[PDB]
Structure formats: C-alpha cells, structure tokens
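Descriptive analysis of the structure
Below are the chains, spelled out letter by letter.
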Amino acid sequence: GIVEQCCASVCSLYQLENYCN
Amino acid sequence: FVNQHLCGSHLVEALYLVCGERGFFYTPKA
Ligand code: NA
C-alpha cells in the first residue's frame, strides 16, 4: 500500500497520484 | 517535496497538497 511505498521506501509523484480521487 | 520517506501526518499532508480538489483515499493497512 502507500505506507510501504512512501513511508517504508521513498515516495514518488507517480505513487502519490495513484491515491488521488 | 514528494521524493522522500513520507510517514503518518506527513504522508497525508503530501496527498492533500498534491491531490488538491480531487481528494484522495488514505488506506494505511490495505
Ligand atoms: Na518507494
């Protein structure tokens, strides 16, 4: 999920944008 | 500012800022 991708590892704009509605 | 380790309120603030008026879903567990 986003924790693994952005907290446990370095986030990206791509990943964050995946969670925008 | 997104290319780092973003945890907790920190991560939520990044979603908030990047998503704007679209909104986002924050599912820490799934
Ligand atoms: Na990552």
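Conventions and cut-offs
- Residues numbered from 1 in each chain as written, not as in the entry; some residues may be left out.
- Chains lettered and ligands numbered in written order.
- Heavy atoms only, no water.
- Residues with missing side-chain atoms left out of burial classes, pairs and counts.
- Helix = DSSP H or I, 4+ residues; strand = E, 2+ residues; numbered from the N terminus.
- Contact = heavy atoms within 4.5 Å.
- Donors = N, O, S within 2.8 Å, 3.2 Å for Na, K, Ca; no water.
- Buried < 20%, exposed > 50% of the residue type's maximum accessible area, 1.4 Å probe, protein only.
- Buried area = accessible area lost by both parts, 1.4 Å probe.
- Salt bridge = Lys/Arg side-chain N within 4 Å of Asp/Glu carboxyl O.
- Polar contact = N/O pair within 3.5 Å; in protein donor to acceptor, adjacent residues only side chain to side chain.
- Nonpolar A, V, L, I, M, F, W, Y, C, P; charged D, E, K, R; others polar.
- Core = buried A, V, L, I, M, F, W, Y, C linked by side-chain atoms within 4.5 Å.

- This deposited entry lists X-ray crystallography as its structure determination method and 2.0 Å as its resolution.

1. Quick notes on the side chain of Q15 of chain A
- Mapping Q15 of chain A onto the fold places it in helix α2 (residues 13-17).
- Excluding its chain neighbours within four sequence positions, the residues that come into contact with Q15 of chain A are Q5 and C6 of chain A.

2. Looking at the coordination of the sodium ion
All names here are of chain A.
- The coordination sphere of the sodium ion contains the protein donors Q5 (O), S9 (OG) and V10 (O), at a distance range of 2.2 to 2.8 Å.
- Sequence spacing among the residues donating to the sodium ion works out to Q-x3-S-V.
- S9 gets classed as partly exposed once you look at its relative accessible area, which sits at 27%.

3. Re the interface of chain A and chain B
- The interface of chain A with chain B comprises 18 residues on the first partner and 19 residues on the second.
- Taken together, both faces of the contact between chain A and chain B bury some 1,600 Å²; the carbon and sulfur share is 65%.
- Three residues stand out in chain A for area buried against chain B, namely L16, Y19 and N21 of chain A, and they jointly supply 34% of the buried area on that side.
- Applying the counting rule to chain A against chain B returns zero salt bridges.
- In this assembly, chain A and chain B are joined by seven residue pairs in polar contact.
- A total of five residues in the side of chain A that touches chain B trace back to one element, the largest contributor, which is helix α1 (residues 2-7) of chain A.
- In the side of chain A that touches chain B, the residues fall into 11 nonpolar, five polar and two charged.

4. Re the nonpolar core
- By size, the foremost hydrophobic cluster in this structure holds 12 residues: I2, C6, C11, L16, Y19 and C20 of chain A together with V2, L6, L11, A14, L15 and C19 of chain B.
- Elements represented by at least two residues in this core include exactly α1 of chain A together with α1 (9-19) of chain B.
- If one sorts the elements of this core by residue count, α1 of chain B sits on top with four residues.
- With near-sequence residues (within four places) excluded, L11 of chain B lies in contact with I2, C6 and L16 of chain A together with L6 and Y26 of chain B.

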